[PDB]
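**Q** so I pulled this structure from the PDB, and the sequence comes with it:
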Amino acid sequence: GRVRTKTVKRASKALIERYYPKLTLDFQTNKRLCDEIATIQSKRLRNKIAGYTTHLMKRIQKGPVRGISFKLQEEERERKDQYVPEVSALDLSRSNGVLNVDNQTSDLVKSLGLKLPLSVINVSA
Amino acid sequence: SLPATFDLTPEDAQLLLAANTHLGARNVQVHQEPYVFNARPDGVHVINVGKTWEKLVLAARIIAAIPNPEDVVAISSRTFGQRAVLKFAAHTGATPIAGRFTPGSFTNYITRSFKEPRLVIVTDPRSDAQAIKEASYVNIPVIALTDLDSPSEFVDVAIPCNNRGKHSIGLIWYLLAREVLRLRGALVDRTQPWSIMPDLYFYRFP
Amino acid sequence: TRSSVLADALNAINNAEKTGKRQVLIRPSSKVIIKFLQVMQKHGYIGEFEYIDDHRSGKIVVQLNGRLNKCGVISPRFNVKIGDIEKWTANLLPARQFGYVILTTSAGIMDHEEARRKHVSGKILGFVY
Amino acid sequence: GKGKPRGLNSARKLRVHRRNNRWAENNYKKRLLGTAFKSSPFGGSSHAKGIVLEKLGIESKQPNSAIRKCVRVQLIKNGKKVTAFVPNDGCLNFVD
Amino acid sequence: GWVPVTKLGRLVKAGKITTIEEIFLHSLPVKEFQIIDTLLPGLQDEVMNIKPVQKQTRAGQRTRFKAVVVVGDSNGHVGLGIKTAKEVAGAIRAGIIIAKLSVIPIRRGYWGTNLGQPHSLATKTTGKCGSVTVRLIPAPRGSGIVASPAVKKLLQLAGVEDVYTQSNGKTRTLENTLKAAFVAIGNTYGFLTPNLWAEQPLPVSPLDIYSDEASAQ
Amino acid sequence: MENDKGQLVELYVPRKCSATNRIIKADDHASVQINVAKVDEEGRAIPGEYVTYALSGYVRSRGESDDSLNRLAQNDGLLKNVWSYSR
RNA sequence: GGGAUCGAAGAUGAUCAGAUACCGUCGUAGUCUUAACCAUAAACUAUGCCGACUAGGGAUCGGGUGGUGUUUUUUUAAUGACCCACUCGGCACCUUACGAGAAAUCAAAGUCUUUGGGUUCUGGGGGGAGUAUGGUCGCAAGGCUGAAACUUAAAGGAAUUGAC
């Protein structure tokens, strides 16, 4: 069971989250990348990190794996303000300017003493 | 202690009739039969929307009574109320708690979820029941948006609406939001309709 | 069957005060009940109230303010003498400072301090504080 | 109303109820039947004299194992045979 | 230096509240014992009981200690706190703290006349906890405290000078007895008398007069 | 409560409730104090001037504080046509 | 009188393991009625009876009042049967707790130290003991009533944890 230690996972994951496009599918160039871009004191643990960058780069070029990319939270902030329909369902133009409503609710509005466009569609049980 | 400026608007009444806020629950509790207008023959009761309006007016008065606008907290575990509460608190200055309520948020002075409100506003007192029970320990008033079979334990001023239809919920939060802002002074004229549509407070899904 | 009526009346008054209400409906009524409630109303443990006729025996609607802690009856109406008052006011009242054990003397029904002042005695109905 | 009568002309039922329920005590029943005057070996007195008939090595086993030093006496006033403990003398050297 | 975390606490630290009578007036929940310590400087505690209790915690037979502690002013501010802890002195200290939190006032009054200071209670009161019921009756001046020495000590830490007591139930279990006596002395500010029938206007809190202060930044 | 010198001898006067007029005690945390803002002619709230209410933990816990506060508001002219005295 | 089933006793074949005792087949009394006797149960809802007050909710059972309800259309009706709304009077349910209790729990086991609506019966640590004796009822079996001597520091009720 070759479970990668926490330092290799976190370092390789960070080097792909921040520094994605420099990294490649090849171990021998990502190894030189990990030589040049992080201060890893030992060649062996650098090879661990570099081959795990290679494996995760093989995984991410198939689909977006759950890393860090701060380009979508602002789009979700925009998504709150995107779908503002210009005609609401509360707007009378959806129902030809009239409120289709029952006899008792019309009796309520008559008791209010307020004049609104109302069409009395009766219901029963 | 109210001018006739505060009275019910024909535009707002058209809005409230369009949102089916008048369509009350099937069964009605003991303490909310004052809010019932009548029962339709299909078993749906009718909510006195004028009473509803003046309850929103008094609730807006109470929200105006808190000096610092941060101690006002809106609450929703209701799905549509999440949208409504977030956009409400955006336009208001209050703080929202959408989704799941963390217990011990009003007790437990140590944790990071520790907030000190001076007012709690609730979409559904049945879905947000634990927030009512939590507010019942640290002396916080509770404003609720009660349908006609909503439980009225530990509640202050309660607004009769329909918590089923999302248009009703978004519009109730909408009207309370605009009336609070008109009472503050950022909406100086009363003749002015609130320019943001009630569709910003309604809930969407792709 | 229904044996005492002032007992049932104070039962209903005390229950509605425990729930915090504002009014009660007593059925039936009596002269004794009216005099008792006048004694209450004189010191003002209650506000105003009202008789209702139905030709049988009246009903009473009482407005009760907030001031009643507890009222009750002493159901065997004991014969009491003058110093005996100092026993019952040592038993039933919450302090020497207030509270009214009420007596039924031959000069009417009233609280114990008036019967100190009028220097009479009689039987005992109940206690109010 | 608490399962007992409270009428103002009901003193009789109350005192008959007390005289029936005081026979359930212990001291009352010993006291008004003359129990001590009939069967207790002293006959209802604080002391008594008697004549030693035997010295007894009674045994107390559990949980305390001890050899109790006792004396079988026949009392003078009654003709009653009573065993009794004698303290502080391991030898019983003051007793024959 | 103590930093608060509650807006009541940073009001108390700001010197904007003087007595606890505001907190007692406004029914506030206290969660900082430093407030009680800064507002009751003459608050004198006393231990009532320390007892070793044998726990069985995850295959471990261990010894913890139950400490029943009463704090109390020589005026009318009492507090009760019960704490189990692994150490004796930690149980003492945290029981002191829990008693600092549960401080309630008392309404000590008169018996008979109106001279000098109130010495006895003002009415009869009653507390219950478990099967222990404790009944407090006012007493004449200079009559001492007719109570069992635990209850007597909890009353001496109140400035109650004269009271008759009667109990009922199994008063062997002393924590039920101290809780029942504590409920009895808490209920004295709970019985409405004719000299407090006078209608009073509702005053404002310190939470809104001092709302611009004491806010979390 | 006062002494024979006529000076008051109490720690604090308790707040009473308004729905049931009973005493709100020093540890009723289920009770509630309500501020309702005084309005202007324009419909702006006066910042430091409120009308206050007291609704005790028994009142609020029983499920009555809504109806009772409606009664208190309409009797103080903050509502209209809501609380009916006859039912 | 009846006697089909099953079946206290009895008469019997047993056996194989310490898998417990065995079991199995026949079977009188009885079980079913008539004329009488007896009067006991965990005869429990382990909760006396009468009466008032105090929260909701939705199902049912019996009765009744309404509906420009519904259906069976007989032409309209009227029956009935359901649905809706109300009202009594039940047997039960389900929440809570305001209140009670030691707790389980209780809309009464609530309105009880802030102790009183009326009234009947019962109990006073455990055994000895529902035993002895006497009275009474009964053909009998038994029932009702009912001790003391002596002996003893617990016997208990509810809830809680984990170690063979």
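**A** That came through, no problem. Numbering: from 1, shown residues only, chains lettered A, B, ... in the order given.

**Q** hmm, the helix ranked longest in chain B in reach of chain E?
**A** Counting by DSSP state H, the longest helix found in chain B is helix B:166-184. No. Shown here: helix B:166-184 not in contact with chain E (Cβ under 8 Å from any Cβ of the partner chain), separated by at least 15.7 Å. C-betas here are computed from N, CA, C, even on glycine.

**Q** buried residues, that helix. List them.
**A** B:166-184 (16 or more other Cβ atoms under 10 Å in any protein chain shown).

**Q** whether it contacts chain A - can you check?
**A** Yes. Using Cβ under 8 Å from any Cβ, we find that helix B:166-184 touches chain A at B:167, B:171.

**Q** quick one: the closest residue to residue A:122 other than its chain neighbours from residue D:25, how far?
**A** Take residue A:122 and drop its neighbours on the chain: the residue closest to it by Cβ to Cβ, 6 or more residues apart in numbering or on different chains is residue A:103, 5.4 Å away. Remark: distance between residue A:103 and residue D:25 (Cβ to Cβ, to the nearest Å) = 81 Å.

**Q** repeat that for residue D:47.
**A** 27 Å.

**Q** more neighbours: which of the two?
**A** residue D:25 (10 against 5; other Cβ atoms under 10 Å in any protein chain shown).

**Q** any idea how far chain E is from that one?
**A** Distance, residue D:25 to chain E, by Cβ to the nearest Cβ, to the nearest Å: 21 Å.

**Q** just residue A:59 next, same as before
**A** Applying Cβ to the nearest Cβ to residue A:59 and chain E gives a distance of 42 Å.

**Q** contact partners for that residue?
**A** residue A:65 (Cβ atoms under 8 Å, 6 or more residues apart in numbering or on different chains).

**Q** part of a strand, is it?
**A** No. Read with DSSP: H, G, I helix; E, B strand; the rest coil, residue A:59 is helix and lies in no strand.

**Q** spell out the residue ranges of the helices in chain B.
**A** Counting by DSSP H, the helices of chain B are B:10-18, B:49-65, B:79-92, B:129-135, B:166-184.

**Q** tabulate these (JSON lines), appending distance to RNA strand G.
**A** Shown next, in JSON lines, are those (distance: least, Cβ to the nearest atom of the strand, whole Å):
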{"stretch": "helix B:10-18", "distance to RNA strand G": "24"}
{"stretch": "helix B:49-65", "distance to RNA strand G": "19"}
{"stretch": "helix B:79-92", "distance to RNA strand G": "24"}
{"stretch": "helix B:129-135", "distance to RNA strand G": "10"}
{"stretch": "helix B:166-184", "distance to RNA strand G": "22"}
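
**Q** out of those, nearest to residue E:201?
**A** Closest to residue E:201 of the helices of chain B is helix B:49-65 (Cβ to Cβ; 16.8 Å).

**Q** the closest one relative to helix B:79-92, how many degrees between them?
**A** Going by axes from the mean of the first three to the mean of the last three Cα atoms, to 10 degrees, helix B:49-65 is angled at 50 degrees with respect to helix B:79-92.

**Q** list the buried residues of helix B:49-65.
**A** Buried residues in helix B:49-65 (16+ other Cβ under 10 Å): B:49-65.

**Q** ok now it, how far from the chain's centre?
**A** Remark: helix B:49-65 is offset 9 Å from the chain centroid, using Cα atoms, centre = their mean, to the nearest Å.

**Q** what is the burial count for residue A:20?
**A** So residue A:20, with other Cβ under 10 Å, has 12 neighbours.

**Q** gap between it and residue A:36?
**A** Taken as Cβ to Cβ, the span from residue A:20 to residue A:36 is 16 Å.

**Q** residue E:69 too?
**A** Residue E:69 is 66 Å from residue A:36, by Cβ to Cβ.

**Q** and residue C:8, by the same measure?
**A** 97 Å.

**Q** got it, and residue C:90?
**A** 99 Å.

**Q** ok, now which ones touch the residue most central in space within chain B?
**A** For chain B, residue B:145 is the residue whose C-alpha lies nearest the centre (Cα atoms, centre = their mean; 4.7 Å). Each residue near residue B:145 by Cβ under 8 Å, 6+ apart is listed here: B:122-124, B:158-159, B:161, B:163, B:169, B:172.

**Q** swap the cut-off to 10 Å and go again
**A** B:55-56, B:59, B:76, B:78, B:81, B:84, B:121-125, B:128, B:158-163, B:168-169, B:172-173, B:176 (Cβ atoms under 10 Å, 6 or more residues apart in numbering or on different chains).

**Q** ok, residue E:69 and residue A:36, which is more surrounded?
**A** Shown here are residue E:69 and residue A:36; by other Cβ under 10 Å, residue E:69 has more neighbours (25 against 8).

**Q** which strands or helices does the helix or strand hosting the more buried one pack on?
**A** Element membership for residue E:69 (DSSP states H and E) is strand E:60-72. With contacts taken as 3 or more Cβ pairs under 10 Å, 6 or more residues apart in numbering or on different chains; DSSP states H and E, strand E:60-72 sits against helix E:33-39, strand E:44-57, strand E:77-85, helix E:88-101, helix E:149-156, helix E:174-186.

**Q** how about a markdown table for those, with mean neighbour count and distance to residue D:4 added?
**A** Listed next are the helices and strands packed on strand E:60-72 as a markdown table, based on neighbours: other Cβ atoms under 10 Å in any protein chain shown; distance: least, Cβ to Cβ, whole Å:
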| stretch | mean neighbour count | distance to residue D:4 |
| --- | --- | --- |
| helix E:33-39 | 18 | 51 |
| strand E:44-57 | 13 | 41 |
| strand E:77-85 | 21 | 39 |
| helix E:88-101 | 19 | 45 |
| helix E:149-156 | 20 | 33 |
| helix E:174-186 | 23 | 29 |
